[PDB]
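For reference, the chains in residue letters:
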Amino acid sequence: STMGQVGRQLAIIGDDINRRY
Amino acid sequence: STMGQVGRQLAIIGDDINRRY
Amino acid sequence: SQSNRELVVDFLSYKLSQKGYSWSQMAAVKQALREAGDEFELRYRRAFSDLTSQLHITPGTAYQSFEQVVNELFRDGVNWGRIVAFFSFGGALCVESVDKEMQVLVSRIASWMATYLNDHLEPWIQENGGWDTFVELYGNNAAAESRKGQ
Amino acid sequence: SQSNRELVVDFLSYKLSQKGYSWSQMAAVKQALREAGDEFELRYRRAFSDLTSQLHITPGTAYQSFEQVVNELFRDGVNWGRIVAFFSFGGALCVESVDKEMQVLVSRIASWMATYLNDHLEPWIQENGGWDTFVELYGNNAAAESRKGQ
């Protein structure tokens, strides 16, 4: 779905801003 | 007092930032 | 008046945070998440266009819209960045709802977010250092300062 | 968990405010006061040095310090700018208390502020348009934008 594709894009940017020790 | 003088200075700046219609 | 106490606590929390202090642990989490959300939305906008510009919602389909997004966001994993994405998505969905004169949905979205946090993100959060670790990783506007340096 | 709901409401309140919306009337008051306090502290710093740098407080004299300042601030009048000054003073007194390892005083100062608001500023506020008028005058970072233009 269109909103499903938003979720995928959120995950992509979420992985970009993800931080680790 | 020293803290009294702070109160006076707060009033001065308060009057400066005071806004009216 | 309890309203006056809440205003005082808000203001004092803000001013403490500007000095690297915190009113409470919860206040520190709130501020780090606000900062992470701003940074998330900036990065998202640059790569994919503003998060609000792509959302579809009507009162009759509001939960469907929420879950279609959140289910894909976490389909193949939870991590701190995706948790930030989840908050930013909820904020954008609320902004879009207000833009479209669907203010009734803001309260619903907030409830759906809190329930999803409670049921589906809290288990991961508690296994990965809790919100204290989020503050260690994201406090002091850390995600934005990382990009600013590069 | 009520903590998760509070985090959600905080974040959504912030993101709504960035778009000129508000979670609630109280949220709009909070944001306008945060903005007015930042501007107040900037103006105060330029004229008189930083507000924290001039404060004296010990636990044994903390109320004396609070009332000595607040009594002079409002000795010859209440107005919205002086109400902002009062909040900024409380914030600075809390920051100074934490700096000096007197964290116990933060909660006391917050209580003294709320009581002073309830007893001595609320009557004036209710006669002068209430906090809704404050938001009309100070919302959208209005005091800072005034100085920026001049």
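Residues numbered from 1 in each chain as written, not as in the entry; some residues may be left out. Chains lettered and ligands numbered in written order. Heavy atoms only, no water. Residues with missing side-chain atoms left out of burial classes, pairs and counts.

As documented in the archive entry, the model was determined using X-ray crystallography at 1.731 Å resolution.

1. Some details on the packing of helix α5 (residues 104-127) of chain C against helix α1 (residues 2-18) of chain D
The test is simple: The angle between two axes is taken between their N-to-C directions and runs from 0 to 180 degrees, where each axis is a line fitted to C-alpha atoms and a helix contributes only its stretch in contact. Helix and strand labels come from DSSP, where a helix needs a run of H or I of at least four residues and a strand needs a run of E of at least two; each type is numbered from the N terminus. Angle categories are assigned with fixed cut-offs, so that under 35 degrees is roughly parallel, over 145 is roughly antiparallel, 65 to 115 is roughly perpendicular, and the rest are oblique. Rotating anticlockwise by less than a right angle from the far helix to the near helix defines a left-handed crossing, while the corresponding clockwise rotation defines a right-handed one. In what follows, a contact means two residues having at least one pair of non-hydrogen atoms within 4.5 Å.
At a minimum axis distance of 9 Å, the contact between α5 of chain C and α1 of chain D shows a crossing angle of 135°. Looking at the two axes, α5 of chain C sits oblique to α1 of chain D. Seen from above, α5 of chain C lies across α1 of chain D with right-handed handedness. From α5 of chain C, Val-106, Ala-110, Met-113, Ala-114, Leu-117, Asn-118 and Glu-122 of chain C reach across to α1 of chain D, where they touch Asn-4, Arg-5, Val-8, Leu-12 and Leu-16 of chain D.

2. Notes on the UniProt feature "short sequence motif: BH1" in chain C
The test is simple: UniProt positions are given in the numbering used here, feature names are shortened, and annotations may be inferred rather than shown by experiment.
Using the residue numbers shown here, the UniProt feature "short sequence motif: BH1" corresponds to residues 72-91 of chain C. Along residues 72-91 of chain C, the helical share is 70% and the strand share 0%, with 17 Å between the first and last C-alpha atoms.

3. What to know about the packing of aromatic side chains
All names here are of chain C. Our working rule: Working definition: a ring pair exists when centres of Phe, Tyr or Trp rings (six-membered ring for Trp) sit within 6.5 Å. Plane angles under 30 degrees give stacked, over 60 give edge-to-face, the rest tilted. In this scheme, a residue with accessible area under 20% of its type's maximum is buried, one over 50% is exposed, and one in between is partly exposed, where area comes from a 1.4 Å probe on protein chains only.
All chains considered together, the criterion is met by 36 aromatic pairs over all chains. Between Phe-66 and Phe-89, the aromatic rings sit 6.1 Å apart at their centres with planes inclined by 35°, giving tilted as the arrangement. Note that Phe-66 is positioned in helix α3 (residues 62-73) and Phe-89 in helix α4 (residues 80-99), a separation of 23 residues in sequence. A relative accessible area of 2% means that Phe-66 is categorised as buried. For the pair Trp-80 and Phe-134, a centre-to-centre distance of 5.4 Å together with 45° between the ring planes defines the contact as tilted. Here the residue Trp-80 occupies a position in helix α4, and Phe-134 occupies one in helix α6 (residues 130-138), the gap between them amounting to 54 residues. Comparing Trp-80 with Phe-134, the two get one shared label, buried.

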